[PDB]
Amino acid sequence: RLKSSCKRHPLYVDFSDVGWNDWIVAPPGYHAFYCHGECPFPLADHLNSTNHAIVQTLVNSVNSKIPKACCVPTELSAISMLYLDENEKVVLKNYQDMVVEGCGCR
């Protein structure tokens, strides 16, 4: 766990490995992706940072006791899941914030 600038990485999630296939009927898993990568001080353009992230990035370069801005997901999307609630009812719900579309520094 350590690499260049903040970016999106591939990550398929199998519901059976995380023990969710018990309640999630479908899909069996999904391409979720994830974010990772240092948020540099010279602030990459392409990479987006909130004003706070920028302020913190700068402070960090003049004082290291303060952490750099983290590389988290900034753009997400949803996926459908057919599952069974606590009462064994079959539900088809559209779950938000499941897939990482874009990454950024925050």
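Residue indices: 1-based, along the sequence shown. Heads up, when I say rigid core I mean the largest set of C-alphas that superpose within 1.5 Å between the two forms.
Root-mean-square C-alpha deviation from the shown form, taken over all structures in 7 other deposited structures of this protein superposed by the rigid core, is larger for 77-85 than for the alternative among 77-85 and 58-66. Two stretches, 5-13 and 20-28, are weighed by how far their CA atoms sit from the shown form in 7 other deposited structures of this protein after rigid core superposition; the farther one is 20-28. Per-stretch averaging of Cα B factors for 8-16 and 89-97 places 8-16 on top. Annotation for 32-40 versus 72-80: the higher mean temperature factor (C-alpha) is found in 32-40. Residue-level temperature factors show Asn51 in the lowest third of its chain, judged at the C-alpha atom. In the deposited entry, the Cα temperature factor of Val62 sits in the top third of values across the chain's modelled residues.
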